[PDB]
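File shown: coords_22.txt. Contents: compact mmCIF, C-alpha atoms and all ligand atoms.
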```txt
# COMPACT_ATOMS: atom_id res chain seq x y z
CA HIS A 4 -20.21 -21.87 22.33
CA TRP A 5 -20.50 -19.17 19.68
CA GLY A 6 -22.97 -19.18 16.83
CA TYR A 7 -25.52 -17.01 15.05
CA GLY A 8 -28.45 -17.19 17.47
CA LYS A 9 -29.96 -14.52 19.69
CA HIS A 10 -27.89 -15.57 22.70
CA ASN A 11 -24.60 -16.56 21.06
CA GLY A 12 -24.51 -14.52 17.85
CA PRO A 13 -22.17 -11.82 16.56
CA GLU A 14 -23.25 -9.27 19.19
CA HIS A 15 -21.94 -11.69 21.86
CA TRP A 16 -18.65 -12.74 20.28
CA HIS A 17 -16.56 -9.96 21.86
CA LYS A 18 -16.92 -11.58 25.30
CA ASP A 19 -14.85 -14.60 24.27
CA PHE A 20 -12.94 -12.83 21.46
CA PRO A 21 -12.34 -9.21 22.49
CA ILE A 22 -10.66 -8.48 19.14
CA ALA A 23 -14.26 -8.40 17.82
CA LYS A 24 -14.12 -4.68 18.68
CA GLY A 25 -10.68 -4.25 17.10
CA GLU A 26 -9.30 -1.81 14.56
CA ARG A 27 -9.49 -3.98 11.39
CA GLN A 28 -12.54 -6.22 11.74
CA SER A 29 -14.48 -7.80 8.87
CA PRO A 30 -16.82 -7.76 7.04
CA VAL A 31 -17.38 -4.12 6.08
CA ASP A 32 -19.71 -2.17 3.86
CA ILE A 33 -17.98 -1.33 0.58
CA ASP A 34 -18.96 2.25 -0.27
CA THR A 35 -18.26 2.17 -4.00
CA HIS A 36 -18.06 5.92 -4.32
CA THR A 37 -15.47 6.26 -1.52
CA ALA A 38 -13.24 3.34 -2.56
CA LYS A 39 -10.30 4.82 -4.44
CA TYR A 40 -9.10 3.42 -7.73
CA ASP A 41 -5.47 2.39 -7.24
CA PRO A 42 -3.59 2.12 -10.57
CA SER A 43 -0.64 0.52 -8.76
CA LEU A 44 -2.75 -2.55 -7.96
CA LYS A 45 -1.81 -5.53 -10.12
CA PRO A 46 -4.28 -7.96 -11.69
CA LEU A 47 -5.19 -10.86 -9.46
CA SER A 48 -3.42 -14.11 -10.35
CA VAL A 49 -5.64 -17.13 -9.62
CA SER A 50 -3.86 -20.41 -10.41
CA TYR A 51 -6.32 -23.21 -9.62
CA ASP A 52 -5.58 -25.65 -12.47
CA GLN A 53 -3.80 -28.11 -10.14
CA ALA A 54 -6.23 -27.78 -7.21
CA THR A 55 -6.79 -31.01 -5.24
CA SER A 56 -10.00 -30.98 -3.23
CA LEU A 57 -10.15 -33.52 -0.41
CA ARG A 58 -13.29 -33.39 1.74
CA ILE A 59 -16.54 -31.53 2.30
CA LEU A 60 -17.54 -30.92 5.91
CA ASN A 61 -20.35 -29.40 7.99
CA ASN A 62 -18.54 -27.63 10.82
CA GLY A 63 -21.58 -26.28 12.65
CA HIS A 64 -21.25 -22.76 11.23
CA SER A 65 -20.87 -23.39 7.47
CA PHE A 66 -19.97 -26.15 5.08
CA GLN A 67 -16.43 -26.23 3.82
CA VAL A 68 -14.58 -27.87 0.93
CA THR A 69 -10.96 -28.52 1.93
CA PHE A 70 -7.94 -28.72 -0.37
CA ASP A 71 -4.47 -30.24 -0.24
CA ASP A 72 -2.35 -27.26 0.83
CA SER A 73 0.89 -29.23 1.32
CA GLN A 74 2.19 -27.94 -2.05
CA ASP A 75 1.81 -24.89 -4.31
CA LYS A 76 -1.10 -26.46 -6.20
CA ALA A 77 -3.87 -23.85 -6.10
CA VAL A 78 -2.39 -20.46 -5.35
CA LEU A 79 -3.41 -16.82 -5.23
CA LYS A 80 -0.84 -14.13 -6.01
CA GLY A 81 -0.59 -10.63 -7.40
CA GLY A 82 -3.31 -8.10 -6.80
CA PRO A 83 -2.42 -6.42 -3.51
CA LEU A 84 -0.48 -9.46 -2.28
CA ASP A 85 3.24 -9.97 -1.79
CA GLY A 86 4.18 -13.58 -2.33
CA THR A 87 2.24 -16.78 -2.71
CA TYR A 88 -0.95 -17.84 -0.92
CA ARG A 89 -2.11 -21.49 -0.93
CA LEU A 90 -5.82 -22.35 -1.14
CA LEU A 91 -6.88 -24.15 2.05
CA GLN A 92 -10.68 -24.26 1.87
CA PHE A 93 -13.77 -22.53 0.63
CA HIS A 94 -17.11 -22.08 2.37
CA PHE A 95 -20.20 -19.89 2.14
CA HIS A 96 -22.36 -17.56 4.21
CA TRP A 97 -26.03 -17.31 3.29
CA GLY A 98 -29.42 -16.08 4.41
CA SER A 99 -32.83 -17.36 5.29
CA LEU A 100 -34.16 -15.28 2.36
CA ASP A 101 -32.52 -13.97 -0.81
CA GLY A 102 -32.22 -10.40 0.47
CA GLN A 103 -29.60 -11.28 3.07
CA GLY A 104 -26.71 -13.66 3.52
CA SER A 105 -23.59 -11.88 2.39
CA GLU A 106 -21.12 -10.58 4.94
CA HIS A 107 -19.66 -7.75 2.90
CA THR A 108 -22.18 -5.35 1.48
CA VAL A 109 -21.93 -3.01 -1.50
CA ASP A 110 -23.44 0.43 -0.88
CA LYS A 111 -25.41 -1.32 1.91
CA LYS A 112 -26.75 -3.93 -0.53
CA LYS A 113 -26.78 -7.47 0.86
CA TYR A 114 -26.41 -10.41 -1.51
CA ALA A 115 -28.06 -13.80 -1.02
CA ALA A 116 -24.75 -15.41 -0.13
CA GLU A 117 -21.00 -14.93 -0.15
CA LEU A 118 -18.31 -17.42 -1.13
CA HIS A 119 -14.96 -17.26 0.69
CA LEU A 120 -11.88 -18.90 -0.81
CA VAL A 121 -9.36 -18.95 2.04
CA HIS A 122 -5.61 -18.85 1.26
CA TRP A 123 -2.56 -18.57 3.52
CA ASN A 124 0.85 -17.03 2.96
CA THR A 125 3.42 -19.75 2.30
CA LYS A 127 6.16 -17.64 3.90
CA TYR A 128 4.60 -18.61 7.27
CA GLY A 129 4.64 -22.35 6.54
CA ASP A 130 1.29 -23.37 8.00
CA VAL A 131 -2.10 -21.73 8.42
CA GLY A 132 -1.89 -21.76 12.22
CA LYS A 133 1.18 -19.54 12.08
CA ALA A 134 -0.30 -17.43 9.27
CA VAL A 135 -3.36 -16.51 11.34
CA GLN A 136 -1.00 -14.86 13.84
CA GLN A 137 0.36 -12.46 11.17
CA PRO A 138 -1.19 -9.27 9.75
CA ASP A 139 -0.59 -10.51 6.19
CA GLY A 140 -1.05 -14.20 6.90
CA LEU A 141 -4.20 -14.89 4.93
CA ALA A 142 -5.87 -13.76 1.73
CA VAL A 143 -9.60 -14.44 1.39
CA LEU A 144 -11.19 -14.09 -2.03
CA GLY A 145 -14.82 -13.05 -1.54
CA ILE A 146 -17.44 -13.61 -4.24
CA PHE A 147 -21.07 -12.49 -4.01
CA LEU A 148 -23.95 -14.76 -4.97
CA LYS A 149 -27.20 -13.40 -6.41
CA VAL A 150 -30.23 -15.55 -7.23
CA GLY A 151 -31.18 -16.01 -10.87
CA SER A 152 -29.68 -18.50 -13.30
CA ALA A 153 -27.96 -21.59 -11.93
CA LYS A 154 -24.18 -21.84 -11.60
CA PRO A 155 -23.34 -25.19 -13.23
CA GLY A 156 -19.98 -25.38 -11.46
CA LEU A 157 -21.73 -25.23 -8.07
CA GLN A 158 -24.04 -28.19 -8.68
CA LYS A 159 -21.58 -30.89 -7.60
CA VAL A 160 -21.30 -29.14 -4.23
CA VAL A 161 -25.02 -28.75 -3.70
CA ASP A 162 -25.75 -32.33 -4.64
CA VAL A 163 -23.72 -33.80 -1.76
CA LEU A 164 -25.04 -31.50 0.98
CA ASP A 165 -27.71 -34.04 1.92
CA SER A 166 -24.84 -36.28 3.09
CA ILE A 167 -23.43 -33.67 5.52
CA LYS A 168 -26.67 -32.32 6.95
CA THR A 169 -25.57 -31.95 10.58
CA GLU A 170 -22.54 -30.61 12.42
CA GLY A 171 -19.58 -32.98 12.33
CA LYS A 172 -20.52 -34.85 9.15
CA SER A 173 -18.02 -34.98 6.30
CA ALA A 174 -17.55 -36.79 2.99
CA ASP A 175 -14.91 -37.45 0.38
CA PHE A 176 -15.07 -34.64 -2.17
CA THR A 177 -12.32 -35.12 -4.75
CA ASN A 178 -11.78 -33.63 -8.20
CA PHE A 179 -13.83 -30.50 -7.57
CA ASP A 180 -12.64 -27.59 -9.70
CA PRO A 181 -13.15 -24.24 -7.92
CA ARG A 182 -12.61 -22.40 -11.21
CA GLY A 183 -16.26 -23.15 -11.94
CA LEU A 184 -17.25 -20.79 -9.12
CA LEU A 185 -15.52 -17.69 -10.49
CA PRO A 186 -17.22 -14.83 -12.33
CA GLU A 187 -15.91 -13.47 -15.62
CA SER A 188 -14.16 -10.41 -14.22
CA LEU A 189 -11.48 -10.34 -11.54
CA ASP A 190 -12.00 -6.64 -10.79
CA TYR A 191 -11.86 -6.34 -7.03
CA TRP A 192 -11.93 -4.21 -3.91
CA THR A 193 -9.28 -4.78 -1.27
CA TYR A 194 -8.77 -3.76 2.35
CA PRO A 195 -7.02 -5.12 5.49
CA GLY A 196 -9.40 -7.05 7.74
CA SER A 197 -10.07 -10.12 9.82
CA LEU A 198 -11.58 -13.56 9.96
CA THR A 199 -15.35 -13.15 10.12
CA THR A 200 -15.83 -16.08 12.50
CA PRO A 201 -14.06 -16.61 15.83
CA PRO A 202 -11.27 -16.16 16.59
CA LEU A 203 -11.79 -13.05 14.38
CA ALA A 204 -8.01 -12.80 13.97
CA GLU A 205 -6.80 -9.66 12.20
CA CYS A 206 -4.75 -11.56 9.64
CA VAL A 207 -6.67 -11.17 6.36
CA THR A 208 -6.04 -9.23 3.20
CA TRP A 209 -9.56 -9.16 1.78
CA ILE A 210 -10.05 -9.33 -1.97
CA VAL A 211 -13.74 -8.94 -2.81
CA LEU A 212 -14.77 -9.36 -6.44
CA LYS A 213 -17.06 -6.73 -7.93
CA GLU A 214 -18.90 -9.19 -10.20
CA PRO A 215 -21.32 -11.57 -8.48
CA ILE A 216 -22.01 -15.04 -9.68
CA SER A 217 -25.61 -16.06 -10.22
CA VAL A 218 -26.94 -19.22 -8.55
CA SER A 219 -30.43 -20.62 -8.81
CA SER A 220 -33.09 -20.60 -6.11
CA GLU A 221 -32.93 -24.41 -6.08
CA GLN A 222 -29.19 -24.25 -5.41
CA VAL A 223 -29.46 -21.82 -2.50
CA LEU A 224 -32.50 -23.67 -1.10
CA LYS A 225 -30.16 -26.66 -0.67
CA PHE A 226 -27.81 -24.53 1.44
CA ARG A 227 -30.76 -23.67 3.68
CA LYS A 228 -31.54 -27.35 4.37
CA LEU A 229 -28.28 -27.82 6.30
CA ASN A 230 -28.33 -27.88 10.11
CA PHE A 231 -26.38 -25.94 12.73
CA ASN A 232 -27.11 -28.77 15.17
CA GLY A 233 -25.56 -32.18 15.43
CA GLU A 234 -27.59 -35.28 14.66
CA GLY A 235 -30.01 -36.02 17.49
CA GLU A 236 -30.31 -32.39 18.60
CA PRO A 237 -33.31 -30.11 17.96
CA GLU A 238 -33.19 -29.17 14.29
CA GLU A 239 -31.95 -25.62 13.72
CA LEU A 240 -31.64 -24.71 10.06
CA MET A 241 -28.19 -23.43 9.09
CA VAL A 242 -29.37 -20.06 7.74
CA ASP A 243 -28.21 -16.49 8.36
CA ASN A 244 -24.67 -17.60 9.19
CA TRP A 245 -23.25 -14.16 8.36
CA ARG A 246 -21.58 -11.53 10.51
CA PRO A 247 -22.89 -7.99 9.82
CA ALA A 248 -20.72 -5.15 8.59
CA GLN A 249 -18.22 -3.82 11.15
CA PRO A 250 -16.84 -0.28 11.59
CA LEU A 251 -14.36 0.67 8.88
CA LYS A 252 -12.37 2.81 11.38
CA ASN A 253 -8.97 3.89 10.02
CA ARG A 254 -9.04 1.93 6.77
CA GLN A 255 -9.18 2.67 3.06
CA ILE A 256 -10.85 0.33 0.58
CA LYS A 257 -8.99 0.34 -2.73
CA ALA A 258 -10.47 -0.60 -6.11
CA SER A 259 -8.55 -2.34 -8.87
CA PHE A 260 -10.83 -0.80 -11.51
CA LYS A 261 -12.01 2.62 -12.62
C1 LIG A 301 -7.59 -21.18 9.66
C2 LIG A 301 -8.92 -21.79 9.20
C3 LIG A 301 -9.84 -20.74 8.59
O1 LIG A 301 -9.95 -20.56 7.44
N1 LIG A 301 -10.61 -19.92 9.47
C4 LIG A 301 -11.46 -18.92 8.92
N2 LIG A 301 -12.14 -18.20 9.88
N3 LIG A 301 -12.99 -17.13 9.17
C5 LIG A 301 -12.73 -17.28 7.82
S1 LIG A 301 -13.62 -16.13 6.80
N4 LIG A 301 -15.26 -16.29 7.12
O2 LIG A 301 -13.14 -14.78 7.13
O3 LIG A 301 -13.24 -16.51 5.44
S2 LIG A 301 -11.74 -18.44 7.43
ZN ZN A 302 -16.26 -16.87 5.51
```

structure tokens encoding of this file:
Amino acid sequence: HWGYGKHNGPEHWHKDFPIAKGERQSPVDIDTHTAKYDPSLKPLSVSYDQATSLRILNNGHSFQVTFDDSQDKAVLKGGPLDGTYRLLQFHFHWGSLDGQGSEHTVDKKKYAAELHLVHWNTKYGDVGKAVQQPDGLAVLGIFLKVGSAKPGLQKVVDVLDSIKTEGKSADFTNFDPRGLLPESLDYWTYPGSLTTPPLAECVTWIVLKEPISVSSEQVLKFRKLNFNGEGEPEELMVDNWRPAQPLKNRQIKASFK
């Protein structure tokens, strides 16, 4: 089964998921000087006030906080999007050291981690149908740098000891994802894909320019998670990022000058 190791990592994924070599794969390097400012792009609308988190789960490749997406409770709209996208889950990608971990890069710079808030287009009714559509999902990507702590992240990091190994989950209610957002909603956007199998080419990517800062203690907690299930040889869940993929025939647009 796929993973991030030498024998099952991103360089191997194309054998089970041939779309890995497709025309709109993610992540990509964001070349800030080539991205074109698009004045037609609208401000992002992030409506998270009624978000209902449900569970936190170690799925063997990341940890994920899942939300009630049976109603228009926490929705993404505007920006480059047509229509309404419901928040399903957020998760992170991070490194073994602070100089790597993000999936997208900015002028080849890697951040310590990257937060993905995953939303799906309500016109397709459920996320399984949305992943089969070129505009089915919108993922909001936020870079993490190491410095000052992010207070809104602490409730997440403090329960990670309870989901150390693959398959473990816990109740995780009343978590407010607004505490993970930076000040600015300036963004880059391009058409791309899921960055884990099945690598489906269904994602409008919205990557925020402004990182959030997290503390070393916070990201050290990420690095204590396990890829393995309980009872298997301990393999730290670190470096769970796919590297930048060829941009091919795509334009990255910027919402800001
Ligand atoms: C449909 C469930 C789901 O969200 N799958 C994802 N697969 N890759 C994602 S990423 N790393 O691009 O945000 S999300
Ligand atoms: Zn992700």

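Among the candidate residues A:51, A:40, A:97, A:231, the one lying nearest to ligand LIG 301 (chain A) is A:97, with distances computed using all atoms listed in the file.
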
Set the cut-off to 9 Å, count only C-alpha atoms and all ligand atoms, and list whatever residues fall near ligand LIG 301 (chain A) as a PyMOL selection string. chain A and resi 29-30+91-96+106+118-123+131-132+134-135+141-145+196-204+207+209+245-246

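In terms of minimum interatomic distance to ligand ZN 302 (chain A), A:117 ranks closest within A:110, A:117, A:41, A:34, counting all atoms listed in the file.
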
Could you check which of A:240, A:251, A:160, A:212 is closest to residue 67 of chain A, using all atoms listed in the file?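 For residue 67 of chain A, the nearest of the candidates is A:160.
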
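Comparing A:113, A:15, A:45, A:64 by their smallest distance to ligand ZN 302 (chain A), the closest is A:64 (using all atoms listed in the file).
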
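Among A:241, A:256, A:248, A:150, the residue with the shortest atom-to-atom distance to residue 221 of chain A, counting all atoms listed in the file, is A:150.
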
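The spacing separating atom CA of residue 53 of chain A from atom CA of residue 76 of chain A amounts to 5.1 Å.
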
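Using all atoms listed in the file for every distance, the candidate list A:223, A:153, A:214, A:107 yields A:107 as the residue closest to ligand ZN 302 (chain A).
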
Just the residues within 10 Å of residue 80 of chain A, please, counting all atoms listed in the file, with nothing from its chain fewer than 6 positions along; format it as a list in words. residues 45, 46, 47, 48, 49, 50, 86, 87, 88, 89, 122, 124 and 142 of chain A

Do you have the atom CA of residue 168 of chain A-atom CA of residue 59 of chain A distance handy?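 According to the coordinates, atom CA of residue 168 of chain A and atom CA of residue 59 of chain A are separated by 11.2 Å.
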
Hey, can you check how far atom CA of residue 20 of chain A sits from atom CA of residue 253 of chain A? 20.6 Å

Given the point (-27.2, -29.7, 9.7) in the coordinates of this file, which residues lie within 8 Å, counting all atoms listed in the file, and how would they look as an NGL selection string? :A and (61 or 63 or 167-170 or 228-234 or 238-241)
